[PDB]
Each structure stands twice: as C-alpha cells, then as structure tokens.
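Participant: Below is the file final_16.cif, with mmCIF, C-alpha atoms (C1' of nucleotides) and all ligand atoms.
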```cif
data_start
#
loop_
_atom_site.label_atom_id
_atom_site.label_comp_id
_atom_site.auth_asym_id
_atom_site.auth_seq_id
_atom_site.Cartn_x
_atom_site.Cartn_y
_atom_site.Cartn_z
CA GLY A 1 -25.90 -18.82 17.78
CA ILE A 2 -24.18 -15.62 16.53
CA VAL A 3 -22.62 -15.30 13.08
CA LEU A 4 -20.50 -12.33 11.98
CA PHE A 5 -20.11 -11.93 8.24
CA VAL A 6 -17.38 -9.87 6.57
CA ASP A 7 -17.62 -8.59 3.00
CA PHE A 8 -14.95 -6.32 1.48
CA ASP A 9 -16.18 -3.11 -0.17
CA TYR A 10 -15.77 -2.75 -3.97
CA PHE A 11 -12.81 -5.03 -3.44
CA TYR A 12 -10.75 -5.01 -6.65
CA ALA A 13 -11.33 -1.29 -7.13
CA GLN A 14 -10.39 -0.68 -3.50
CA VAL A 15 -7.24 -2.76 -3.67
CA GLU A 16 -6.09 -0.60 -6.58
CA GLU A 17 -6.94 2.59 -4.59
CA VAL A 18 -4.74 1.37 -1.74
CA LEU A 19 -1.96 0.43 -4.16
CA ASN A 20 -2.22 3.70 -6.06
CA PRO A 21 -3.64 6.33 -3.64
CA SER A 22 -3.68 8.88 -6.47
CA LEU A 23 -6.85 7.01 -7.59
CA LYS A 24 -8.71 8.20 -4.48
CA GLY A 25 -11.91 10.03 -5.41
CA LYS A 26 -11.71 9.41 -9.18
CA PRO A 27 -14.14 6.78 -10.63
CA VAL A 28 -12.25 3.49 -11.10
CA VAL A 29 -13.32 0.62 -13.38
CA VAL A 30 -11.55 -2.76 -13.12
CA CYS A 31 -11.80 -4.60 -16.43
CA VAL A 32 -11.40 -7.96 -18.09
CA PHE A 33 -10.09 -7.60 -21.61
CA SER A 34 -10.98 -10.66 -23.71
CA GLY A 35 -8.45 -9.39 -26.28
CA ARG A 36 -10.66 -10.20 -29.29
CA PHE A 37 -10.50 -6.62 -30.44
CA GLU A 38 -9.25 -3.46 -28.77
CA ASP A 39 -11.53 -2.77 -25.73
CA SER A 40 -13.43 -6.08 -25.97
CA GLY A 41 -14.21 -7.17 -22.43
CA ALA A 42 -16.44 -6.82 -19.41
CA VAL A 43 -16.27 -5.12 -16.03
CA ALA A 44 -15.26 -7.15 -13.00
CA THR A 45 -16.12 -4.25 -10.69
CA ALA A 46 -16.00 -0.50 -10.16
CA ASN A 47 -15.72 1.83 -7.17
CA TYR A 48 -18.76 3.67 -5.85
CA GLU A 49 -17.92 6.86 -7.71
CA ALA A 50 -18.39 5.00 -11.00
CA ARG A 51 -21.11 2.64 -9.77
CA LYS A 52 -22.82 5.88 -8.75
CA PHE A 53 -23.51 6.21 -12.52
CA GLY A 54 -24.60 2.73 -13.62
CA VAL A 55 -21.15 1.29 -14.32
CA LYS A 56 -21.77 -2.08 -12.66
CA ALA A 57 -20.12 -5.50 -12.92
CA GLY A 58 -20.74 -7.51 -16.09
CA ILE A 59 -21.47 -4.63 -18.50
CA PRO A 60 -19.20 -4.34 -21.54
CA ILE A 61 -16.26 -1.90 -21.23
CA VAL A 62 -17.41 -0.08 -24.37
CA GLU A 63 -20.77 0.49 -22.74
CA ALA A 64 -19.11 1.74 -19.54
CA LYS A 65 -16.99 4.16 -21.58
CA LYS A 66 -20.22 5.56 -23.07
CA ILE A 67 -21.33 6.49 -19.56
CA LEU A 68 -18.06 7.52 -17.92
CA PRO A 69 -15.56 8.22 -20.74
CA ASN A 70 -13.07 9.77 -18.30
CA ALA A 71 -12.98 7.07 -15.64
CA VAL A 72 -9.79 5.17 -14.85
CA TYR A 73 -9.98 1.81 -16.66
CA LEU A 74 -7.65 -0.79 -15.14
CA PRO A 75 -7.04 -4.40 -16.15
CA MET A 76 -7.79 -7.10 -13.61
CA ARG A 77 -4.93 -8.38 -11.49
CA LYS A 78 -6.54 -11.24 -9.56
CA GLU A 79 -3.27 -12.49 -8.02
CA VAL A 80 -2.71 -9.16 -6.29
CA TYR A 81 -6.26 -8.95 -5.02
CA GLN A 82 -5.83 -12.56 -3.92
CA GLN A 83 -2.73 -11.84 -1.82
CA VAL A 84 -4.51 -8.97 -0.09
CA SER A 85 -7.56 -11.21 0.48
CA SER A 86 -5.31 -13.90 1.91
CA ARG A 87 -3.82 -11.42 4.39
CA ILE A 88 -7.18 -10.14 5.51
CA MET A 89 -8.55 -13.69 6.00
CA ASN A 90 -5.54 -14.38 8.25
CA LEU A 91 -6.38 -11.23 10.24
CA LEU A 92 -9.93 -12.59 10.67
CA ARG A 93 -8.70 -15.87 12.22
CA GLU A 94 -7.58 -13.89 15.29
CA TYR A 95 -11.28 -13.73 16.09
CA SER A 96 -12.58 -17.26 15.51
CA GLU A 97 -11.31 -20.82 15.08
CA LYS A 98 -14.61 -21.43 13.27
CA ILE A 99 -14.20 -19.38 10.08
CA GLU A 100 -15.70 -20.03 6.63
CA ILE A 101 -13.94 -18.34 3.72
CA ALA A 102 -16.82 -17.98 1.25
CA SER A 103 -15.13 -16.27 -1.70
CA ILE A 104 -12.40 -13.84 -2.65
CA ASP A 105 -13.84 -11.23 -0.28
CA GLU A 106 -16.24 -12.86 2.18
CA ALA A 107 -15.91 -14.78 5.40
CA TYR A 108 -18.43 -16.01 7.93
CA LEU A 109 -17.23 -16.16 11.52
CA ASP A 110 -18.94 -18.30 14.13
CA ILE A 111 -18.52 -16.12 17.21
CA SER A 112 -21.06 -17.90 19.44
CA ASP A 113 -18.31 -18.73 21.99
CA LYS A 114 -16.57 -15.39 21.56
CA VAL A 115 -19.27 -12.94 22.73
CA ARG A 116 -22.35 -13.15 24.97
CA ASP A 117 -24.92 -11.13 22.96
CA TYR A 118 -25.35 -8.89 19.90
CA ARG A 119 -24.04 -5.80 21.68
CA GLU A 120 -20.67 -7.51 22.18
CA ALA A 121 -20.72 -8.83 18.60
CA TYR A 122 -21.36 -5.29 17.35
CA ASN A 123 -18.32 -4.18 19.39
CA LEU A 124 -16.28 -7.07 17.99
CA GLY A 125 -17.47 -6.07 14.51
CA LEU A 126 -16.19 -2.53 15.02
CA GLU A 127 -12.92 -3.96 16.29
CA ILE A 128 -12.47 -6.20 13.21
CA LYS A 129 -13.25 -3.30 10.85
CA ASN A 130 -10.53 -1.18 12.48
CA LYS A 131 -8.01 -4.00 12.51
CA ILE A 132 -8.46 -4.42 8.74
CA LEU A 133 -8.31 -0.69 8.05
CA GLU A 134 -5.31 -0.68 10.33
CA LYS A 135 -3.25 -3.38 8.62
CA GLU A 136 -4.43 -3.37 5.03
CA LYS A 137 -6.30 -0.02 4.81
CA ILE A 138 -9.23 -1.81 3.17
CA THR A 139 -12.73 -0.77 4.28
CA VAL A 140 -15.17 -3.67 4.64
CA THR A 141 -18.76 -4.27 5.79
CA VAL A 142 -19.80 -6.45 8.73
CA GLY A 143 -23.17 -8.20 8.92
CA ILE A 144 -24.37 -9.85 12.14
CA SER A 145 -27.24 -12.31 12.73
CA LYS A 146 -28.32 -15.73 14.04
CA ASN A 147 -27.25 -17.68 10.94
CA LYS A 148 -25.11 -17.36 7.78
CA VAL A 149 -27.87 -16.23 5.47
CA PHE A 150 -29.17 -13.43 7.66
CA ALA A 151 -25.62 -12.35 8.47
CA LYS A 152 -25.08 -11.84 4.75
CA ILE A 153 -28.46 -10.13 4.32
CA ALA A 154 -27.43 -7.83 7.20
CA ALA A 155 -24.29 -6.85 5.35
CA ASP A 156 -26.23 -6.24 2.10
CA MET A 157 -28.35 -3.76 4.03
CA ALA A 158 -25.30 -2.02 5.41
CA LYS A 159 -23.03 -2.41 2.40
CA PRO A 160 -21.01 0.68 1.64
CA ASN A 161 -18.68 0.43 4.68
CA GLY A 162 -20.95 -0.47 7.57
CA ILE A 163 -21.98 -2.82 10.32
CA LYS A 164 -25.49 -4.14 10.85
CA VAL A 165 -27.06 -6.48 13.38
CA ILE A 166 -30.27 -8.38 12.66
CA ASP A 167 -31.86 -9.30 16.02
CA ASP A 168 -34.43 -12.10 16.49
CA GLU A 169 -37.31 -9.69 15.82
CA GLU A 170 -35.96 -8.14 12.61
CA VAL A 171 -35.38 -11.64 11.21
CA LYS A 172 -39.09 -12.21 11.78
CA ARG A 173 -39.91 -8.87 10.16
CA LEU A 174 -37.84 -9.76 7.05
CA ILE A 175 -39.44 -13.20 6.83
CA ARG A 176 -42.62 -11.16 6.29
CA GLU A 177 -41.15 -8.07 4.60
CA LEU A 178 -37.97 -8.96 2.65
CA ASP A 179 -38.22 -9.62 -1.08
CA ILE A 180 -37.50 -13.32 -1.69
CA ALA A 181 -35.54 -12.29 -4.80
CA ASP A 182 -33.04 -10.65 -2.41
CA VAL A 183 -32.48 -13.89 -0.50
CA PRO A 184 -28.92 -15.18 -1.02
CA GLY A 185 -29.10 -18.13 -3.38
CA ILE A 186 -32.04 -16.84 -5.37
CA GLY A 187 -30.97 -15.70 -8.82
CA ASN A 188 -33.14 -14.26 -11.56
CA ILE A 189 -34.40 -17.61 -12.87
CA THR A 190 -35.66 -18.74 -9.48
CA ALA A 191 -37.00 -15.25 -8.66
CA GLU A 192 -38.85 -15.31 -12.00
CA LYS A 193 -40.28 -18.81 -11.24
CA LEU A 194 -41.25 -17.76 -7.71
CA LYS A 195 -42.90 -14.51 -8.77
CA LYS A 196 -44.46 -16.61 -11.58
CA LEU A 197 -46.05 -18.56 -8.69
CA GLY A 198 -46.85 -15.39 -6.74
CA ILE A 199 -44.19 -15.41 -4.02
CA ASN A 200 -42.45 -12.10 -3.32
CA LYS A 201 -41.70 -12.53 0.39
CA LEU A 202 -40.11 -15.38 2.38
CA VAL A 203 -43.25 -15.92 4.44
CA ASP A 204 -45.46 -17.21 1.58
CA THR A 205 -43.47 -20.43 1.16
CA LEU A 206 -45.42 -21.53 4.21
CA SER A 207 -48.67 -20.97 2.27
CA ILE A 208 -48.02 -23.39 -0.62
CA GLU A 209 -47.98 -27.19 -1.11
CA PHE A 210 -44.40 -28.43 -0.54
CA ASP A 211 -44.52 -30.67 -3.62
CA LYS A 212 -45.61 -27.70 -5.78
CA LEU A 213 -42.61 -25.61 -4.72
CA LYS A 214 -40.37 -28.70 -4.92
CA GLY A 215 -41.64 -29.05 -8.53
CA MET A 216 -40.65 -25.64 -9.85
CA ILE A 217 -37.43 -24.74 -8.02
CA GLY A 218 -36.11 -28.22 -7.14
CA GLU A 219 -35.89 -29.97 -3.77
CA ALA A 220 -32.96 -28.06 -2.26
CA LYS A 221 -34.11 -24.45 -2.91
CA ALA A 222 -37.52 -25.44 -1.55
CA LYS A 223 -36.10 -27.01 1.65
CA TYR A 224 -33.84 -23.95 1.91
CA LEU A 225 -36.44 -21.19 1.73
CA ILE A 226 -38.86 -23.08 4.02
CA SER A 227 -36.06 -23.57 6.58
CA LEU A 228 -35.38 -19.84 6.48
CA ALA A 229 -39.05 -18.81 6.53
CA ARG A 230 -39.55 -20.97 9.64
CA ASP A 231 -36.83 -19.03 11.50
CA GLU A 232 -34.97 -22.37 11.48
CA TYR A 233 -32.08 -22.06 9.04
CA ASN A 234 -29.03 -23.10 11.01
CA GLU A 235 -26.20 -24.32 8.75
CA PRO A 236 -22.82 -24.49 10.52
CA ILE A 237 -19.71 -22.50 9.63
CA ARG A 238 -17.34 -24.96 8.00
CA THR A 239 -13.88 -24.78 6.37
CA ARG A 240 -14.17 -24.81 2.59
CA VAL A 241 -11.64 -26.43 0.30
CA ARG A 242 -10.87 -25.59 -3.28
CA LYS A 243 -12.44 -28.46 -5.25
CA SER A 244 -11.32 -27.43 -8.76
CA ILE A 245 -8.63 -25.35 -10.52
CA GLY A 246 -9.12 -24.36 -14.17
CA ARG A 247 -8.80 -21.73 -16.88
CA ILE A 248 -10.85 -20.77 -19.96
CA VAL A 249 -9.83 -18.21 -22.62
CA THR A 250 -11.52 -16.23 -25.41
CA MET A 251 -10.13 -17.07 -28.83
CA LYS A 252 -9.33 -14.29 -31.32
CA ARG A 253 -12.17 -15.66 -33.45
CA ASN A 254 -14.77 -18.46 -33.44
CA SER A 255 -13.51 -21.80 -34.73
CA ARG A 256 -14.16 -25.45 -35.28
CA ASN A 257 -10.74 -26.13 -36.75
CA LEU A 258 -9.15 -28.43 -34.18
CA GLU A 259 -5.65 -27.18 -34.99
CA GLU A 260 -6.77 -23.62 -34.51
CA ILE A 261 -8.33 -24.29 -31.08
CA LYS A 262 -5.41 -26.40 -29.75
CA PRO A 263 -2.94 -23.67 -28.79
CA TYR A 264 -5.68 -21.98 -26.81
CA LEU A 265 -6.42 -25.21 -24.97
CA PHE A 266 -2.76 -25.77 -24.21
CA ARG A 267 -2.22 -22.16 -23.02
CA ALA A 268 -5.07 -22.95 -20.58
CA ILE A 269 -3.54 -26.25 -19.54
CA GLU A 270 -0.17 -24.67 -18.77
CA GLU A 271 -1.93 -21.95 -16.75
CA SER A 272 -4.13 -24.43 -14.90
CA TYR A 273 -1.18 -26.59 -13.99
CA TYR A 274 0.75 -23.58 -12.74
CA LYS A 275 -2.21 -22.73 -10.48
CA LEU A 276 -2.48 -26.35 -9.24
CA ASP A 277 0.77 -26.21 -7.32
CA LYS A 278 1.28 -29.56 -5.54
CA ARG A 279 -2.42 -30.42 -5.97
CA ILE A 280 -2.81 -33.46 -8.25
CA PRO A 281 -6.20 -33.93 -10.04
CA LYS A 282 -7.68 -37.30 -11.12
CA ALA A 283 -10.38 -35.65 -13.23
CA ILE A 284 -10.02 -33.36 -16.26
CA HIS A 285 -12.65 -31.45 -18.23
CA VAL A 286 -12.41 -29.52 -21.46
CA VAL A 287 -14.98 -26.70 -21.30
CA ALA A 288 -16.18 -25.10 -24.56
CA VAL A 289 -18.24 -21.92 -24.72
CA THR A 290 -20.14 -21.84 -28.02
CA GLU A 291 -20.98 -18.99 -30.39
CA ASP A 292 -24.35 -18.31 -28.76
CA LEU A 293 -22.61 -18.22 -25.35
CA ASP A 294 -23.74 -21.66 -24.07
CA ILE A 295 -21.34 -23.89 -22.11
CA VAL A 296 -20.32 -27.40 -23.29
CA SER A 297 -17.92 -29.78 -21.48
CA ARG A 298 -16.56 -33.32 -21.67
CA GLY A 299 -14.43 -34.73 -18.87
CA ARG A 300 -12.73 -37.89 -17.72
CA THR A 301 -11.83 -39.32 -14.32
CA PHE A 302 -8.70 -41.47 -13.98
CA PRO A 303 -7.81 -43.90 -11.17
CA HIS A 304 -4.61 -41.86 -10.83
CA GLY A 305 -3.40 -38.26 -10.86
CA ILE A 306 -3.19 -36.59 -14.26
CA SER A 307 0.27 -35.66 -15.44
CA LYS A 308 0.97 -32.65 -17.66
CA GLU A 309 1.40 -34.98 -20.65
CA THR A 310 -1.80 -36.87 -19.87
CA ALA A 311 -3.73 -33.57 -19.82
CA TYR A 312 -2.20 -32.83 -23.21
CA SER A 313 -3.52 -36.10 -24.66
CA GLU A 314 -6.90 -36.28 -22.97
CA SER A 315 -7.84 -32.60 -23.44
CA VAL A 316 -7.36 -33.21 -27.17
CA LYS A 317 -9.32 -36.48 -27.12
CA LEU A 318 -12.10 -34.65 -25.24
CA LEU A 319 -12.13 -31.49 -27.39
CA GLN A 320 -12.44 -33.87 -30.40
CA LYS A 321 -15.53 -35.29 -28.69
CA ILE A 322 -17.06 -31.82 -28.29
CA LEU A 323 -16.55 -31.15 -32.00
CA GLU A 324 -18.14 -34.49 -32.99
CA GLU A 325 -21.16 -34.17 -30.70
CA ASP A 326 -21.83 -30.44 -31.04
CA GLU A 327 -22.37 -28.64 -34.33
CA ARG A 328 -21.95 -25.06 -33.01
CA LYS A 329 -18.84 -22.88 -33.48
CA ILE A 330 -16.61 -22.54 -30.43
CA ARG A 331 -15.87 -19.11 -29.00
CA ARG A 332 -14.09 -19.92 -25.74
CA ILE A 333 -12.04 -22.96 -24.84
CA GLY A 334 -10.52 -24.03 -21.54
CA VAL A 335 -9.78 -26.76 -19.06
CA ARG A 336 -10.95 -27.62 -15.52
CA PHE A 337 -9.11 -29.84 -13.01
CA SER A 338 -10.83 -31.66 -10.14
CA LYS A 339 -11.06 -34.63 -7.74
CA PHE A 340 -7.64 -34.00 -6.12
CA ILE A 341 -5.44 -36.63 -4.47
"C1'" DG B 1 -35.92 -47.37 -5.95
"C1'" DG B 2 -31.23 -45.47 -4.32
"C1'" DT B 3 -26.32 -44.37 -5.76
"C1'" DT B 4 -23.23 -42.72 -8.92
"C1'" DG B 5 -20.75 -40.19 -12.26
"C1'" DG B 6 -21.08 -37.21 -16.45
"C1'" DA B 7 -23.38 -33.16 -18.41
"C1'" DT B 8 -25.74 -29.44 -17.68
"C1'" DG B 9 -28.02 -25.61 -14.96
"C1'" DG B 10 -28.11 -21.79 -11.68
"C1'" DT B 11 -25.92 -18.90 -8.71
"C1'" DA B 12 -22.47 -15.42 -7.00
"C1'" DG B 13 -18.02 -13.71 -6.62
"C1'" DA C 1 -20.78 -3.13 -33.56
"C1'" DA C 2 -19.44 -6.79 -31.21
"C1'" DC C 3 -18.93 -7.68 -24.68
"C1'" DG C 4 -15.00 -11.79 -18.79
"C1'" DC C 5 -13.86 -15.12 -16.27
"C1'" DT C 6 -13.96 -18.74 -11.74
"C1'" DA C 7 -16.12 -21.94 -9.27
"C1'" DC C 8 -19.42 -23.72 -6.01
"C1'" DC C 9 -23.69 -27.10 -5.41
"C1'" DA C 10 -28.05 -29.15 -7.53
"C1'" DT C 11 -30.34 -31.38 -11.03
"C1'" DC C 12 -30.96 -34.59 -14.91
"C1'" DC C 13 -30.50 -38.87 -16.94
"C1'" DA C 14 -28.63 -43.18 -17.58
"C1'" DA C 15 -25.74 -47.52 -15.82
"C1'" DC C 16 -25.84 -50.32 -12.17
"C1'" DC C 17 -26.86 -53.12 -7.88
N1 LIG A 401 -19.40 -10.37 -11.76
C1 LIG A 401 -18.37 -10.19 -10.87
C2 LIG A 401 -18.63 -10.00 -9.53
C3 LIG A 401 -17.55 -9.83 -8.67
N2 LIG A 401 -16.29 -9.86 -9.17
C4 LIG A 401 -15.13 -9.67 -8.28
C5 LIG A 401 -14.80 -8.18 -8.22
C6 LIG A 401 -15.54 -7.72 -6.97
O1 LIG A 401 -15.04 -6.50 -6.44
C7 LIG A 401 -15.37 -8.92 -6.04
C8 LIG A 401 -16.46 -9.10 -5.01
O2 LIG A 401 -17.74 -8.96 -5.60
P1 LIG A 401 -18.64 -7.91 -5.03
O3 LIG A 401 -20.05 -8.16 -5.47
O4 LIG A 401 -18.56 -8.02 -3.53
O5 LIG A 401 -18.27 -6.55 -5.57
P2 LIG A 401 -17.56 -5.40 -4.90
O6 LIG A 401 -16.70 -5.86 -3.75
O7 LIG A 401 -16.66 -4.73 -5.91
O8 LIG A 401 -18.58 -4.38 -4.46
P3 LIG A 401 -19.15 -4.25 -3.04
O9 LIG A 401 -18.65 -2.95 -2.41
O10 LIG A 401 -20.67 -4.23 -3.11
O11 LIG A 401 -18.74 -5.38 -2.10
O12 LIG A 401 -15.42 -10.01 -6.94
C9 LIG A 401 -16.08 -10.05 -10.51
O13 LIG A 401 -14.96 -10.41 -10.93
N3 LIG A 401 -17.12 -10.21 -11.34
CA CA A 402 -21.05 -10.46 -1.40
CA CA A 403 -17.62 -7.16 -1.81
CA CA A 404 -31.40 -11.96 -6.04
CA CA A 405 -23.10 -42.91 -16.01
#
```
Take the structure I supplied and represent it as structure tokens, if you would.
Facilitator:
Amino acid sequence: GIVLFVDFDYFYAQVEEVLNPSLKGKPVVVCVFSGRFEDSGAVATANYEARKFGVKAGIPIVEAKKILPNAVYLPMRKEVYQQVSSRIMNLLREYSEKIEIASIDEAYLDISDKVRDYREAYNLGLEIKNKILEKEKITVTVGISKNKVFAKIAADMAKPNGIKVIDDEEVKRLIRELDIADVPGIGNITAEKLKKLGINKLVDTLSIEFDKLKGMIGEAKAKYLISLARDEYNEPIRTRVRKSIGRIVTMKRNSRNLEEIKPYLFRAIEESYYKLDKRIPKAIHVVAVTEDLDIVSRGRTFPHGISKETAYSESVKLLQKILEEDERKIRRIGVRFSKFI
DNA sequence: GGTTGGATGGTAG
DNA sequence: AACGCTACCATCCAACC
C-alpha cells in the first residue's frame, strides 16, 4: 500500500504571491481582522520570509507588527484561496480515483495501483509537483509512505517545497525515534498527558497497560497510537463530505443584551445560508464564545430542512437559552448548520 | 449494557 | 493594551430500549 500526500506551502501567503508577484521576496502576513478596534486580529499564516522571524499563525497582528513592522499585512480572502485549492485538487485527480481531500490545502492519494514501488511514486511525486507549478504556479510538498499518517509525517519532514519517501525501515526507525507529540492527531493536551505518563516516542505505547492509556487519552487515541506503533495503521483513503456550514463573528463589544447580539447572529445566518448553496440542513446550532474565550452552543434538529425564516426564529430561541443557562458575557456569536438532506 | 443525540473537548487547517 | 475563524471526530452524560 502506497500513499502520496500533498500539502501546499504557506498556502494563503503563496496564493497572494502568485496573484501579486510584486510580493515575491518581501515578508507577507495574511491576517484576520476581528474589527473590534483598528488592528485587532490574528494571523492566519505568513510566508517563510516572515515565519523566518517568529511571525507564525495564531499570534496577534499587533504582536507580529512588533517583530516585523515593515512586512506586508494582507486581509484574508478565503474564497480566492478556495478557488485555487479547488483547481489544484482537480489537477490531483488526474493521478488517482482514490483521493481524500483533507483540508483547504491537503490531499491524500492512494496510488497503490498506479505505481509498483517507492521509486516510481517518487517519480510520480515529482511529476505532480511540476504539474501544479505548471498550471497554478503554486509550490507544494509531497510526502510518501505506507499509510496516511506516515505520508503526512513524511511531508512535515520535507516541508518547505520538497518530496520525501518513508520506506518500511524508516517507519520502524520513527516508531522508535519520532517524538509522539509530532504524531498527527496529538495536540498539546494529549502530548502533555502522554509526557505526564512518560511517553515521548511512539514505541513506548507498547510498554504500558492498554486500560491505563485508554484512561488518560480516551479509547480512540489509544487504539490509534498502538495501531501506528505496531506498524499496522492502515486506514483507507476515502472521499470526505462537508458535514457542516457555519459562521461566527466577533462583536464590537461584549454583550448580554439580546437585542444587541441579534444583528450579529442574523449577519451570520445570512452568510451561512449563502454558503449553503442548495444544501438544506435539518440541524441548527447557535455558537457563543464567552468573555474568557470558552465556547457555548445550543442546537436543534428538525424532521425537515430548515428554512431561512426558521433559522431566524430558532437561532433566537436558542440564543435566549444560552443567556438563561450561562451567566458569562458573550464575545462572539454565530451559527452552525448540519445534518443535510 | 449499548445506542443516541446534545454539549462539550481536542485537534488542525 | 486588548488578539481569528472553520470544521472535523471523540467523549461525556443522560434518555431510552
Ligand atoms: N491557524 C491556522 C492554520 C492554517 N490556516 C490556513 C492558512 C494556511 O496557509 C493554510 C494551511 O495551513 P498550514 O499549516 O499548512 O500553513 P501554511 O500552508 O501557510 O504553511 P506551510 O508552508 O507549512 O504549509 O490554512 C489558518 O487560517 N489558520
Ligand atoms: Ca498540513
Ligand atoms: Ca500547508
Ligand atoms: Ca503535535
Ligand atoms: Ca438526550
């Protein structure tokens, strides 16, 4: 089984470079402006010339500007980056019927029937990289291994425009040598818990009682790691389907006044519905993000599709429920649509 | 005890 | 001196058979 994984390099930044070639070289920071006050926001991403200097995703713009005050700060334009993504994904289908679009800039390709061995995959990888640079002038990174996880890990190791193979031996090496914290699916909480149990490599999940691991990190993460560590992880490449469409927005100021939060909720509803486009949801959720940045939601599932007017009623009924059941001030409000017909 | 849906939690783009 | 947003799957807990 041979999986080729494709991840696009500093994608949003790079799309802007392509669209405005004058940007080439200069440090570019793609931003999300919450709009609260002038320069309030966070960084979606930055090119390598800014990342170079600590300007990474998630940091506040202000804090980025402290580091690189002369960088080019651009607002996010997801719909553009989306289009470009869409075109690249279509380019990738010329290489495999079995293709799993993972996110806005990742795809796993099951090439097991398309090449004999890793040499040929490597050659196919080079070919794909050129085809993308050819059509869309985006540079990407290709990771190759025996399953999805190690394909991705391969690409992490190659990242800034590259192609890496992980043969059967190197998989075994990384089971012993690779930091478990750097295993796709393991975020800081789990890494903390695992290190708090004394596990820093994949191998030492085979040294513990299964019910002990199952106790800390939950059943799934346990059964996951073990499956990897046993050189056994083999989850198939499968078409993914958008399961929800929604939108949440930062209010100008925290509020608990229903009438003050409403327009923000409705702006979100109108934007969600616009993004639904033929897709009819039977479930709605109002999502509130509180003062202290915690997430609170109440939803409802109908035996039918939800009309625009029904969203208008129910989102209000549900926001009212958040205000009754939670004392905190609300900072962000939004809506989330799901369970499609 | 197993399934199910609602709420939350964790993860990664 | 303050700090975005989208969305996936798993878990938790309680109703229910
Ligand atoms: N917290 C994040 C993480 C990612 N993204 C968006 C912008 C990224 O460019 C894209 C893909 O995430 P990546 O981690 O792959 O980031 P990059 O593509 O920019 O960098 P890299 O070259 O490492 O792939 O998703 C974002 O909105 N916010
Ligand atoms: Ca990635
Ligand atoms: Ca990327
Ligand atoms: Ca990690
Ligand atoms: Ca219930």
Participant: Could you tell me, counting all atoms listed in the file, which protein and nucleic acid residues lie no more than 6 Å from ligand CA 404 (chain A), written as a ChimeraX atom specification?
Facilitator: /A:181-183,186-187
Participant: Identify every residue of chain B that has at least one atom within 12 Å of any atom of chain A, counting all atoms listed in the file, and report the result as an mmCIF file with C-alpha atoms (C1' of nucleotides), in the coordinates of the input.
Facilitator:
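File written: part24.cif
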```cif
data_model
loop_
_atom_site.group_PDB
_atom_site.id
_atom_site.type_symbol
_atom_site.label_atom_id
_atom_site.label_comp_id
_atom_site.auth_asym_id
_atom_site.auth_seq_id
_atom_site.Cartn_x
_atom_site.Cartn_y
_atom_site.Cartn_z
ATOM 1 C "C1'" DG B 5 -20.750 -40.190 -12.260
ATOM 2 C "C1'" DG B 6 -21.080 -37.210 -16.450
ATOM 3 C "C1'" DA B 7 -23.380 -33.160 -18.410
ATOM 4 C "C1'" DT B 8 -25.740 -29.440 -17.680
ATOM 5 C "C1'" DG B 9 -28.020 -25.610 -14.960
ATOM 6 C "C1'" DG B 10 -28.110 -21.790 -11.680
ATOM 7 C "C1'" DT B 11 -25.920 -18.900 -8.710
ATOM 8 C "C1'" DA B 12 -22.470 -15.420 -7.000
ATOM 9 C "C1'" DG B 13 -18.020 -13.710 -6.620
#
```
Participant: Within 9 Å of ligand CA 405 (chain A), which residues show up when you count all atoms listed in the file? List them as a ChimeraX atom specification, please.
Facilitator: /B:4-6 /C:13-16
Participant: What does the structure give for the distance between atom CA of residue A:306 and atom CA of residue A:274, in Å to one decimal?
Facilitator: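 About the pair atom CA of residue A:306 and atom CA of residue A:274: they are 13.7 Å apart.
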Participant: Give me, as a compact mmCIF listing (two decimals) with C-alpha atoms (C1' of nucleotides), keeping the file's coordinate frame, the residues of chain C touching chain A, with the criterion being at most 9 Å (counting only C-alpha atoms (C1' of nucleotides)).
Facilitator:
```txt
# COMPACT_ATOMS: atom_id res chain seq x y z
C1' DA C 2 -19.44 -6.79 -31.21
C1' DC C 3 -18.93 -7.68 -24.68
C1' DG C 4 -15.00 -11.79 -18.79
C1' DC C 5 -13.86 -15.12 -16.27
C1' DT C 6 -13.96 -18.74 -11.74
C1' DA C 7 -16.12 -21.94 -9.27
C1' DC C 8 -19.42 -23.72 -6.01
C1' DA C 10 -28.05 -29.15 -7.53
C1' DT C 11 -30.34 -31.38 -11.03
```
Participant: For atom CA of residue A:100 and atom CA of residue A:145, determine how far apart the two atoms are, in Å to one decimal place.
Facilitator: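 Taking atom CA of residue A:100 as the start and atom CA of residue A:145 as the end point, the length is 15.2 Å.
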Participant: With only C-alpha atoms as the basis for distance, which of A:121, A:261, A:46, A:13 is at the shortest distance from residue A:165?
Facilitator: A:121
Participant: What residues have any atom no more than 9 Å from ligand CA 403 (chain A) when counting all atoms listed in the file, and can you list them as a CSV table (one decimal) with C-alpha atoms (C1' of nucleotides), in the coordinates of the input?
Facilitator:
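Saved result, part_13.csv, follows:
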```
chain,number,residue,atom,x,y,z
A,6,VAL,CA,-17.4,-9.9,6.6
A,7,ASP,CA,-17.6,-8.6,3.0
A,8,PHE,CA,-15.0,-6.3,1.5
A,9,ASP,CA,-16.2,-3.1,-0.2
A,10,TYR,CA,-15.8,-2.8,-4.0
A,11,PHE,CA,-12.8,-5.0,-3.4
A,12,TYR,CA,-10.8,-5.0,-6.6
A,104,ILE,CA,-12.4,-13.8,-2.6
A,105,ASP,CA,-13.8,-11.2,-0.3
A,106,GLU,CA,-16.2,-12.9,2.2
A,140,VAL,CA,-15.2,-3.7,4.6
A,141,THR,CA,-18.8,-4.3,5.8
A,159,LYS,CA,-23.0,-2.4,2.4
B,13,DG,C1',-18.0,-13.7,-6.6
```
Participant: My list of candidates is A:156, A:136, A:49, A:326. Which is closest to ligand CA 402 (chain A) when distances are computed with all atoms listed in the file?
Facilitator: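 Among the listed residues, the smallest separation from ligand CA 402 (chain A) belongs to A:156.
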Participant: Just give me the gap between atom CA of residue A:272 and atom CA of residue A:87 in Å, one decimal is fine.
Facilitator: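 Atom CA of residue A:272 sits 23.3 Å away from atom CA of residue A:87.
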Participant: Have a look at A:292, A:113, A:235, A:134 and name the one nearest to residue A:88; count all atoms listed in the file.
Facilitator: A:134
